[PDB]
């Protein structure tokens, strides 16, 4: 017995509670304090390579979306030389980290999760509110609950994976070693969820990888807070490098390294395609075949059958379309309503719309949602509103206003299209812009087909109906129209361990972060066979 394999244990975890933030609650008090702690503050956030805080001359600012005069962070872009130094230092740390027992790596993430749950909760929530423009509850479900859940559940999944071992038959013993990927992983995270950044960099690190993490410019404050928590929780130097950078510069640099083994990406279709093509162009140089994982957005639907509960349709659609300003890959942006229910649904939507509060989420907890993330987002959304004012098939029913004088404020907008295949029914806006198509009741089946065929995407979707046969039929018809499919619920708000998230078609590679299989993309297994008796003669008896 040259090798001895220690018995793997099990990890019990459950989802983090979502807090209610009632008046006089400990969490509301703590959050109010943490928000006050950020008022008028700018954090100077360096690049971090190993334990070194590095500044370049390429200074950038993160602005508070609802008060863009407030520079919440000053940071800098890593240049090609710094990125390459970061790669070198990470690679030199990788073997030792990869050789650590899975349980020891998991412990770092479990400790981080407990820090986020307790003493650091108010901080990460406040930084997500002030830096990304989230309301209390949007920050809570993201920077606390989802991030905490990724860390705990991925830890559980990874520990359990070590229990997945092959059959051994005497006189040999077989064991699978879940090796990290050889090389480094580039993690490229989006502005819209603090938790996604934590997962994109953290999940590969958990599995024994080293990572260059390029956080989103517009989520820098909260992203660095998560980074610091991981380091304080025991993540060794050079396992995750914190390297904000210009997008093209970062992509060019990591795809030029012979040591690139993975890209973990969430963002646009064109950017993911470009990175895929850069890897293909440089395929000769890489020591192995890099693994690309991409989540690329959606044009998500709520489909209503005449049997639907109208109040649930209304509240679920308002939330899905407008929470966080519709800046979610999962947000409903196309609503299909039968003619027979349209007078009810139109009236209710327009009435509730007039009561939606858009304002400062730190100062007014009555706020439903706040400003969109930045000037570029504001400009894109304004372009779509101008299109809705131009198109003969479109009519703005409510909203349509925007004002960027103080923050990047866009009012929620509800549009009716007479054309089910209008460009606004197809293209992802990432803003609080809901388009409604009213279909004749006797054409529900033809309309279900349009739900499936109209767009290039396959991410989220919901069907509202109280008729079993209709639900069964719609489920079959929409099988590939949504990777996260909902019956009588809104299309947003996937919960780790409950609705693993992702979809195919143009929406990405569908590796389902939030489920037990995601971590498999970040391990390259080795199987070791040890034979305990001498080998026989090389000839066979039949010879």
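Residue numbers count along the first chain shown, from 1.
K.L.:
Look over 261-269 and 160-168 in the entry and identify the one with the greater average Cα temperature factor.
P.N.:
That would be 160-168.
K.L.:
Quick check on the record: does 173-181 or 396-404 carry the larger mean Cα temperature factor?
P.N.:
According to the entry, 396-404 carries the higher average C-alpha B-factor.
K.L.:
Considering only 30, 47, 481, 63, which residue's Cα atom bears the greatest B-factor as recorded?
P.N.:
Result of the comparison over 30, 47, 481, 63: 30.
K.L.:
Taking the Cα B-factors listed in the entry, which of 489, 58, 43, 511 comes out highest?
P.N.:
Reading the PDB entry, the winner on C-alpha B-factor is 58.
K.L.:
Compared with the other modelled residues in the chain, in which third is the CA B-factor of residue 383?
P.N.:
Middle third.
K.L.:
For residue 500, does the deposited CA B-factor place it in the lowest, middle or highest third of the chain?
P.N.:
Its C-alpha B-factor belongs to the lowest third of this chain's values.
K.L.:
Sorting the chain's modelled residues by C-alpha B-factor, tell me whether residue 452 ends up in the lowest, middle or highest third.
P.N.:
Lowest third of the chain for residue 452's C-alpha B-factor.
K.L.:
Rank-wise, by C-alpha B-factor, drop residue 23 into the lowest, middle or highest third of its chain.
P.N.:
Residue 23: CA B-factor falls in the highest third of its chain.
K.L.:
Can you tell me which third, lowest, middle or highest, the CA B-factor of residue 155 falls into for its chain?
P.N.:
Middle third, going by the recorded CA B-factors of the chain.
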